[PDB]
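If you read the sequence shown in the working numbering, its first letter stands for residue 539, the second for the next number, and so on. Backbone N, C-alpha and C fix where the C-beta goes; we use that ideal spot for every residue, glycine too. As structure tokens, the structure follows; a few thoughts come after it.
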Amino acid sequence: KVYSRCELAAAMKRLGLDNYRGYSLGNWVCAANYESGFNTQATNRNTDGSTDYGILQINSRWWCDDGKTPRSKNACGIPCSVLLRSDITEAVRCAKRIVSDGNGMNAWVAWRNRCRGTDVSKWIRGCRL
Ligand SMILES: [Cl-]
Ligand SMILES: [Cl-]
Ligand SMILES: [Mg+2]
């Protein structure tokens with residue numbers, strides 16, 4: 539599923555992402571925009587044999603188990619396939635776990651490079667949440 543911007547913003551608000559551990563909602567929408575283009579089925583295979591999965595491009599070394607990645611920690615305690623669901627609930631739970639660590643949203647390269655320093659509140663403008 540490719541979400542629209544406001545659809546995603548509403549779904550993320552519903553699941554408690556707005557101002558979760560210091561990151562306002564616009565940060566989460568911005569990150570999803572740049573990481574995946576709002577696409578729950580996005581996948582990108584990395585140089586290290588890990589794959590990034592779903593709308594927030596969550597990585598299979600550290601966070602989810604895909605049975606294909608050396609040295610995998612599976613810190614979210616999930617199969618990576620749950621991160622390709624049209625329902626974002628499992629991805630949001632895992633994202634909250636990720637962002638709890640000292641890296642914060644720097645876990646998401648596209649957030650670090652594309653969203654950090656920008657007016658992220660623009661991502662929720664005009665939306666009914
Ligand atoms: Cl915001
Ligand atoms: Cl949670
Ligand atoms: Mg990416």
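{"Query": "Please classify residue 534: does DSSP put it in a helix, a strand, or coil?", "Result": "Here the chain covers residues 539 to 667 and nothing more, so residue 534 does not appear."}
{"Query": "Around the C-beta of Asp604, are 16 or more other C-beta atoms found within 10 angstroms, so that it is buried, or is it exposed?", "Result": "buried"}
{"Query": "For ligand 2, is there any heavy atom lying closer than 8 Å to the beta carbon of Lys551?", "Result": "no"}
{"Query": "If you run the structure through DSSP and keep just helix, strand and coil, what is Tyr572?", "Result": "helix"}
{"Query": "Measure the CB-CB distance between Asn644 and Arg654 and report whether it falls below 9 Å.", "Result": "yes"}
{"Query": "Can you tell me whether DSSP reads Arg583 as helix, strand or coil?", "Result": "strand"}
{"Query": "Is the segment 598 to 615 close to the segment 540 to 557, with three or more CB pairs under 8 Å?", "Result": "no"}
{"Query": "Which class does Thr589 belong to by DSSP, given the choice of helix, strand or coil?", "Result": "strand"}
{"Query": "At 4 residues or longer, what runs of the alpha helix (DSSP H) sit wholly inside the segment 621 to 649?", "Result": "627 to 637"}
{"Query": "Please name the residue or residues paired with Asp603 in a DSSP beta bridge.", "Result": "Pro617"}
{"Query": "Within a Cβ cutoff of 7 Å, which residues of the same chain sit near residue 711, ignoring the five residues on either side of it in sequence?", "Result": "Outside the displayed span of the chain (539 to 667) sits residue 711, for which this structure offers no information."}
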